[PDB]
2 protein chains.
Amino acid sequence: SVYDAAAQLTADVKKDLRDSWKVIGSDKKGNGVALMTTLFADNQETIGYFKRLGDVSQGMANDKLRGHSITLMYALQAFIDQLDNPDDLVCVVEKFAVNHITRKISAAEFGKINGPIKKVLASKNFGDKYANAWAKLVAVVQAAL
Amino acid sequence: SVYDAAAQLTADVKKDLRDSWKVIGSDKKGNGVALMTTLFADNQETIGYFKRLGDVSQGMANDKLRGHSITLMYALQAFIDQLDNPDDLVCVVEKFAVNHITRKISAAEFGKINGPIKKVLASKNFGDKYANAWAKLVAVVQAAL
Ligand code: HEM
Ligand code: HEM
């Protein structure tokens with residue numbers, strides 16, 4: 001249940017998400033591409049899903065990958081901005097969930113983004129505490145897949 | 001090209017876009033839904049394209065319409081944030097262009113959004129000067145359709 005998942009976002013979790021986002025969200029192009037390249041490096045079996053982006057190994061030099069990465073960061077921005085109202089958070093999550101359901105992405109495969117997020121956070125000096133907070137937000141999307 | 005259309009956006013136009021967005025973008029749920037409902041009210045022929053959203057006459061109550069409307073405002077947020085770097089504005093514009101190309105939305109049809117944008121701007125007392133600035137930004141997307 002996406003509603004039960006959203007209920008797991010306690011005051012402390014919401015605070016950790018906001019505090020860490022203030023840093024990671026400050027460079028959407030840089031961190032967005034970092035997230036994607038890490039996903040492809042640690043989970044090469046997911047590359048096939050991104051056929052439209054072309055050669056993803058080119059990273060930042062790939063115009064389609066850069067546009068996608070920046071856009072992805074705005075989806076995360078949308079989640080953070082909706083933390084105050086669970087009903088609005090849910091409708092935004094379900095919108096993006098549909099984008100992945102049509103792509104045949106399961107809850108388990110979507111969860112593969114947790115590794116990259118933990119690594120990007122760590123590179124900015126945000127440890128397991130923050131990684132776990134983000135895993136709970138990702139869990140809300142998983143509940144809708 | 002799309003690059004040419006973006007590189008032409010002048011300092012004065014960027015200023016008007018940013019000043020008006022400070023206001024219209026401060027209530028994404030409210031103004032996003034207003035934009036969509038105005039589109040359906042003045043251009044009833046477009047309703048059929050949004051069948052995935054269900055009964056759009058339900059307005060704010062329709063969670064799918066609310067989710068779509070909020071997310072649409074973040075696409076505009078992405079455009080505004082990239083105004084000073086045409087290279088980044090272009091790759092983001094092309095990303096959202098593909099979303100509409102797949103739905104068979106023509107450049108002319110995309111331009112139907114100008115009416116609703118003008119009305120929403122007017123509700124906040126932003127005149128023709130601002131409506132003209134937004135039409136120029138919309139034209140950047142049209143260059144990609
Ligand atoms: C933090 C989690 C993630 C967020 C917020 C996110 C967000 C997005 C957004 C906003 C889009 C564009 C939707 C569209 O225009 O169609 C997208 C596309 C896509 N996503 Fe994700 N995504 C995430 C994780 C994943 C993961 C882990 C996978 C794969 C295992 C995945 C697979 C896809 C695919 C295949 C596309 C289509 C790309 C294309 O052809 O343009 N996403 N995602
Ligand atoms: C300011 C201009 C507009 C922006 C920024 C915009 C943005 C978006 C975004 C972000 C999506 C979601 C993409 C996806 O998840 O696949 C979308 C979907 C769509 N847009 Fe637009 N759009 C605009 C104008 C229009 C206009 C004027 C039309 C048609 C006359 C249109 C028709 C569509 C359709 C049919 C969809 C698919 C909805 C669905 O089934 O979920 N858009 N748009």
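Descriptive notes on the structure:
- Annotation: of all residues in segment B:62-114 being of a type in the set (A, V, I, L, M, F, W, C) and away from chain A (no Cβ under 13 Å), the one that is surrounded by the fewest Cβ atoms within 10 Å (Cβ to Cβ) is B:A108.
- Residue check, B:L145 under 23 Å from A:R66 (Cβ atoms), in a loop (DSSP other than H, G, I, E, B) and within 11 Å of ligand 2 (Cβ to nearest atom): yes
- Any chance B:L9 is closer than 25 Å to A:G30 by Cβ and more than 13 Å from every other protein chain (Cβ to nearest Cβ): yes
- Subset tally (residues that are within 16 Å of ligand 1 (Cβ to nearest atom) and either basic (K, R) or out of contact with any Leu (no Cβ under 8 Å at 6 or more places or on another chain) (or both)) for segment B:51-72: 5
- In the set (1) within 26 Å of B:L72 (Cα to Cα); (2) more than 11 Å from the chain's Cα centre (by Cα), A:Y130 fails one condition alone, (1).
- Residue satisfying condition, being touching a residue at least 40 places away in the same chain (Cβ under 8 Å), out of contact with any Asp or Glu (no Cβ under 9 Å at 6 or more places or on another chain) and of a type in the set (D, E, K, R), within set B:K104, B:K129, B:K124: B:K124
- Test for B:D16: is it among the charged types (D, E, K, R), assigned to a helix (DSSP H, G or I), more than 14 Å from every other protein chain (Cβ to nearest Cβ) and under 21 Å from B:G115 (Cβ atoms): yes
- Options A:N85, A:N99; residue that is within 11 Å of ligand 1 (Cβ to nearest atom) and either basic (K, R) or out of contact with any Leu (no Cβ under 8 Å at 6 or more places or on another chain) (or both): A:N99
- Residue, nearest to the chain's Cα centre (by Cα), within segment B:22-61, restricted to residues that are among the small types (G, A, S) and more than 14 Å from chain A (Cβ to nearest Cβ): B:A34
So basically every Cβ, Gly included, is an ideal-geometry build from the backbone, and we count neighbours across all protein chains shown. Where a number appears in this text, it was derived from the coordinates with a stated rule and is not lab data.
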